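Consider the single chain below, provided in structure tokens and representing the form solved without this ligand.
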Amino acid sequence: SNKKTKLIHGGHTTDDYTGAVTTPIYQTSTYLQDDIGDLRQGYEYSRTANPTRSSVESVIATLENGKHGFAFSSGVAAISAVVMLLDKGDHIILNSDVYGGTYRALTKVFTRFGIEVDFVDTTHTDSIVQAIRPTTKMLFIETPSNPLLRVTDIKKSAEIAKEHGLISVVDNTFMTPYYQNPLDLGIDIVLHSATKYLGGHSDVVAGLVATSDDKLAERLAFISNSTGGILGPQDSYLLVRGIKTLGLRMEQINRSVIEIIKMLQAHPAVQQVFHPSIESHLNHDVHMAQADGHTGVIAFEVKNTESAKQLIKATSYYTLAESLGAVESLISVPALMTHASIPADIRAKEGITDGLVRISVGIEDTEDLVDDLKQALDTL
């Protein structure tokens, strides 16, 4: 049973009652009880459980080879729920190039709650060991990262976490369960911004979490019910729907990624390309050992900010917008958009050069995408 089949038949996404081939949308808040505490299908209040959300949860658990799924109103909310597994005084290590909003949440919210943070370049696993204190309880890793796609050894970070008694969390958003399964490599918790590839259609903001640990799942459920950043039923339905085409979409995206990178490597206006598919990429071997495909986010550097802006205006099929994982291919300038608050000279130290472009490859025709970007690069 291969992935494209599991996508279609994995999880519970039909109606046992009527036999509907799609998950009913339970736009509802409460459920009648036959007697006090006697729930006929286990439902009592939609913050606690909702049959549509339970459906999407079952899907994410199945695809990530876990036992328990959780759906939150945003990826940010999923991350918050996971971090609220810790107490004041606990210490968490994250990779240093973590997504802007994850950094913002750990440093201007959860530090105010007495949670200690260390940001570490996890491209070398031993930096994690250097960072481990006796109060360390959680290790949190994106791979690949935004926007330079730095790869981290998932299996090694799981071994480190196991031996030091840490909760290991991988943020699988850029790879999707279709290409990378952190739970299979020993990670405790895997989470996604379902806003991207999973939803797939730029029409749902949601986060998903999956684990095989029963006691971790029980704590996650308690947090979800007591802080309430749950995904609504309509968005859960749209998420299930979106996930159906995930394999086909990721494979189209990957075909275009490969051709686009060959174009970028051959082009003169491009000084450097960041993507784990490139054999000179740091930890390319590690990535190929922990995934059987690629993310569709690519970064490449052109000479300056005005060649970036000109590339944006010269493209016909790349769309200037926030986010990634859309059907549309998206384009952006991290120096002017996501990393604008970071000053110029320090963002050169960080790698966010003035001419760094990030594309999120969509499901348009591969030749249209390659050709369009190449003619734009020929205008420079």
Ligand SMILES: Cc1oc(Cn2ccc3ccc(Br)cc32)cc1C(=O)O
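Take the two forms, find the largest set of C-alpha atoms that superpose within 1.5 Å, and that set is the rigid core. One-based numbering along the sequence shown.
Quiz item: Do you reckon 47-55 or 328-336 strays further from the shown form in 4 other deposited structures of this protein, measuring C-alpha RMS after a core fit?
Solution: Higher average C-alpha offset in 4 other deposited structures of this protein goes to 47-55.
Exercise. Going by root mean square C-alpha distance after a core fit, say whether 182-190 or 97-105 is farther from the shown form in 4 other deposited structures of this protein.
Key: Looking at 182-190 versus 97-105 in 4 other deposited structures of this protein, the farther one turns out to be 97-105.
Quiz item: In the PDB record, does 137-145 or 299-307 carry the higher mean Cα temperature factor?
Solution: On average, C-alpha B-factors are higher across 299-307.
Exercise. Higher average CA B factor in the deposited record is what I'm after, so tell me if that's 175-183 or 266-274.
Key: Stretch with the greater average CA B-factor: 266-274.
Quiz item: Going by the entry, which of 39, 63, 324, 56 has the most elevated CA B factor?
Solution: Max CA B-factor in the entry, restricted to 39, 63, 324, 56: 39.
Quiz item: Going by the deposited entry, which of 208, 258, 223, 109 has the highest CA temperature factor?
Solution: When the deposited C-alpha B-factors of 208, 258, 223, 109 are compared, 109 is largest.
Exercise. Determine, from the deposited record, the chain-internal third of the Cα B-factor for residue 119: lowest, middle or highest.
Key: Its C-alpha B-factor, which the entry lists for residue 119, ranks in the middle third among residues of this chain.
Quiz item: In terms of the CA temperature factor given in the entry, to which third of its chain does residue 47 belong: lowest, middle or highest?
Solution: Within its chain, residue 47 is a lowest-third residue by C-alpha B-factor, going by the deposited values.
Quiz prompt | CA B-factor ranking of residue 330, expressed as a third of its chain | solution = Tercile = lowest for this residue's CA B-factor.
Quiz item: If you rank the chain by CA B-factor, which third does residue 319 end up in: lowest, middle or highest?
Solution: It belongs to the middle third of the chain when residues are ordered by C-alpha B-factor.
Quiz item: With respect to C-alpha B-factor, does residue 15 fall in the lowest, middle or highest third of the chain as deposited?
Solution: It falls in the middle third of the chain.
We do not show the form solved in complex with this ligand, though everything after this point is about it.
Quiz item: Out of 309, 262, 104, 88, which one falls within 4.5 Å of this ligand in the deposited complex, going by heavy atoms?
Solution: Selected residue: 104.
Exercise. Taking 4.5 Å between heavy atoms as the contact cutoff, choose which of 327, 336, 342, 314 touches this ligand in the deposited complex.
Key: Among 327, 336, 342, 314, a heavy atom within 4.5 Å of this ligand in the deposited complex occurs only for 342.
Self-check item: Interface segment, criterion being heavy atoms within 4.5 Å of this ligand in the deposited complex, picked from 300-308, 95-103, 246-254, 269-277
Solution: Going through the listed ranges, the match is 95-103.
Exercise. Flag residue 352 as yes or no: does it have a non-hydrogen atom within 4.5 angstroms of any non-hydrogen atom of this ligand in the deposited complex?
Key: Answer yes; at least one heavy atom of residue 352 falls within 4.5 Å of this ligand in the deposited complex.
Quiz item: Though only this chain appears here, would residue 320 touch this ligand in the deposited complex if you measure heavy atom gaps against 4.5 Å?
Solution: The answer is no: residue 320 has no heavy atom within 4.5 Å of this ligand.
Quiz item: Is there a heavy atom of residue 346 lying 4.5 Å or less from a heavy atom of this ligand in the deposited complex?
Solution: Looking in the deposited complex, residue contacts with this ligand include residue 346, since a heavy atom lies within 4.5 Å.
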